[PDB]
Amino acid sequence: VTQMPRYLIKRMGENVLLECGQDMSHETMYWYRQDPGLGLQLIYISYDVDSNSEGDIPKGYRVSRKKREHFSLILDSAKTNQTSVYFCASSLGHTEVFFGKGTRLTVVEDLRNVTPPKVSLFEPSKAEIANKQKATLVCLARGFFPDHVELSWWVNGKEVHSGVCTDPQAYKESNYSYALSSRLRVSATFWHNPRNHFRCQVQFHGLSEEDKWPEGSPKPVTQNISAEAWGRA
């Protein structure tokens, strides 16, 4: 199993570090990048300790393997075009290549454009309960810039997955603003029960503790913004 940091926000111009690890003590490791829309692209290859070779697009990248179990990717100067999902890859006995969960890296020109999302919850149509005998909840997050949001539904304190359908990609509403939506659908009976609590949580990943920010404004750190509701009628 290979692991790596999930989300990261960095300004353009300064150094960036990505790390990767494995517990099978094999030899060959890889670094891939993939734009959210289409292509999977190779950056660098490490065959063993201190044995690295350029990939298809090594330009703007450099690597370091001082130990077999770990592989670090280094960006000395972050660029705007270097915004994609980065995948560390690994293989043992050349029969199968393992990929990690990926790291979503977003490089911004100005950190001040980073804003948390505005989460709104819409109550189901009365006609829906009337005609379809069921109630659909709809959550909507807007006003956020990095696509580092994770939407989840919570009923009575427990995360549910059944009856949950979230949009796969955030929509570009403005130049520095995105929008994301999702829906939850339960029976009219369950919605008519006032003891039922519904909550739409959106997890936003922002800046770390070690970041520079003005004092007259709230620092957009990693946080959760949610919208709740209760059973009616």
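Quick note: we count residues from 1 along the sequence shown, nothing fancier.
Of the two segments examined, 22-30 and 48-56, it is 22-30 that shows the higher average Cα temperature factor in the deposited entry. Relative to one another, 100-108 and 67-75 have unequal mean CA B-factors, and 67-75 is the one with the higher figure.
Between the residues 120, 136, 115, 156, it is 136 that shows the highest Cα B-factor in the PDB record.
Highest C-alpha temperature factor among 177, 201, 208, 181 per the entry: 208. In the deposited entry, the Cα temperature factor of residue 4 places it in the middle third of its chain's modelled residues. Annotation for residue 170: CA B-factor lies in the middle third of the chain's modelled residues. In this PDB entry, the Cα temperature factor of residue 92 sits in the top third of its chain's modelled residues, the highest group. Placement of the Cα temperature factor of residue 127 within the chain: highest third of the modelled residues, per the deposited record.
In this PDB entry, residue 191 carries a Cα temperature factor that places it within the middle third of its chain's modelled residues.
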